[PDB]
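J.: Before anything else, here's the structure in question.
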Amino acid sequence: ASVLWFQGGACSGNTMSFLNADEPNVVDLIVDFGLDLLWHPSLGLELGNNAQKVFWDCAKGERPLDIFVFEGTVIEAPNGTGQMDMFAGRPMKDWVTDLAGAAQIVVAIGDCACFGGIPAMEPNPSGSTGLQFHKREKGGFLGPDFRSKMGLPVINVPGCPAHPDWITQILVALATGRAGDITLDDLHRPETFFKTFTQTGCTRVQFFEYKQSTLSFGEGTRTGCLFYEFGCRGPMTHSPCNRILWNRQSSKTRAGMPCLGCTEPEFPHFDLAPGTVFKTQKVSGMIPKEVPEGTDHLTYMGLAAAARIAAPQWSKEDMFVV
Amino acid sequence: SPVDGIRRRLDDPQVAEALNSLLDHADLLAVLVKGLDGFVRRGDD
Ligand code: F3S
Ligand code: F3S
Ligand code: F3S
């Protein structure tokens, strides 16, 4: 299975995260799983005209392209020319057009590629967009009706960056005959990773249940949930970040950092407008503006009051102790 | 006798039926009193 991994408006974080892959690690994925990595800007040996030969052979159908991985945004500025992202003699968006049209499967890795991500933040100088989404709005660069040659839409492996497993396990599934096991949600994300929430497996959910808030960073995060004071988007964000830990160690929320909802197409949420960074926007100083997914402010708040009154003592003390 | 007078209700069918029904859901009474004890010992909390 040939893989061509291109980077548009990328920071290469998805590649670096991918390189952190374990079980399989990246080398075993590239070699031992029958995935022929044709080229990758961070890893491909070919430069210049040899690399362009590889790209053109993929684009024109001279050689098969099974998986086109795209990382980074599709940069369309200036004026829709895409010349703020010139790659191998073309605007990167033209490469995207050709290769997405050539690939059996197109995988957008990372929010930039999936939805536009950080570069698509206003004022979006690069005219960045995702492959098939611009933020939540379906269509992105390739249009809502784009399908790869295997009939799939762009497989969106979101995250900023995506966790290595979010792509590697998909690649293994494709390589092991389990492509049919891959189900995609409405954002084209693999449901095997994105039916759960970041909160799922968060070490602070018991504090969340009892509405015990982390009050401060550092040692303050030895207790409490980050939802109330730090804008944790865990309960509104689909991800397996607390199921499949980052770097096989931790997750933002475990570590005391609020989930920024990076697997969600709106990321960065509120465009990091003043007062929204590591803060919970609240109505009347008590009611979070955004409640967990599938809840309503009145039942949430009622249950929150009930949970506060019935809170056990341990939920009000440090638990992640030295 | 007073104590034998209650011992007579013990062999009274309807009284026996009700007492045996109290012994049926005795667990629930125990758990509600345990819940009350718990709530009391966590009343400060
Ligand atoms: S990791 Fe980097 S490539 Fe985009 S998805 Fe995040 S800015
Ligand atoms: S339970 Fe965890 S995911 Fe965030 S909302 Fe609380 S720190
Ligand atoms: S910011 Fe992203 S990496 Fe996981 S903890 Fe939140 S979905």
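Cβ placement follows ideal geometry from the backbone for every residue including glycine, while neighbour counts extend to all protein chains displayed. All of the numbers you see were taken from the coordinates with simple rules; none came from a lab.
J.: Go through A:211/A:279; A:93/A:195; A:195/A:316; A:135/A:195; A:195/A:279 and tell me which ones have a Cα-Cα distance over 21 Å in this structure.
T.: Listed pairs above 21 Å: A:93/A:195; A:195/A:316; A:195/A:279.
J.: Also: Amide H neighbours of residue A:213 under 5 Å, counting only residues 5+ apart in sequence or on other chains, H built in-plane at 1.01 Å?
T.: A:225
J.: Run the numbers for residue A:215 and residue A:270: contour at 0.36 nm per residue of separation, minus the present Cα-Cα distance, in nm.
T.: This chain segment gains 17.6 nm when fully extended.
J.: Now for a different question. Between residue A:86 and residue A:43, what's the calculated FRET efficiency when r is the beta-carbon distance and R0 is 30 Å? Round to 0.05. Numbers along the way, then the final one.
T.: Working: r = 21 Å, r/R0 = 0.69.
Once rounded, the FRET efficiency stands at 0.90.
J.: To the nearest 500 deg cm²/dmol, what mean residue ellipticity at 222 nm is calculated for the protein assembly as shown from DSSP H runs of n ≥ 4 alone, each contributing -39,500 (n - 2.57), summed and divided by the residues?
T.: -9500 deg cm²/dmol
J.: Now, a different point. Can you work out the FRET efficiency for the pair residue A:308 and residue B:18, with r the C-beta to C-beta distance and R0 = 30 Å, to the nearest 0.05? Each step should come with its number before you reach the end.
T.: Values: r = 41 Å, r/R0 = 1.37.
Efficiency for this residue pair is about 0.15.
J.: Relative contact order of the range A:155-236, please, whole-number percent, based on alpha carbon pairs below 8 angstrom and at least 6 residues apart. All intermediate terms of the calculation are to be shown ahead of the outcome.
T.: Working: 77 pairs, mean separation 17.9, N = 82.
Normalised by residue count, the contact order of the range A:155-236 is 22 percent.
J.: If you count the DSSP beta bridges with both ends in chain A, what percent of them are antiparallel, to the nearest 5?
T.: Working: 12 of 29 bridges.
The antiparallel fraction comes to roughly 40 percent.
J.: Continuing with the same structure: With a cut-off of 8 Å between alpha carbons and a minimum separation of six or more residues, what is the relative contact order of chain A in percent? Please list the in-between numbers first.
T.: Numbers: 688 pairs, mean separation 47.0, N = 322.
The value is 15 percent.
J.: Evaluate the relative contact order of the range A:1-146 (contact order divided by residue number), counting alpha-carbon pairs under 8 angstrom at least 6 apart; express in whole percent. Could the numbers behind the result be given before it?
T.: Values: 298 pairs, mean separation 34.3, N = 146.
Here the relative contact order equals 23 percent.
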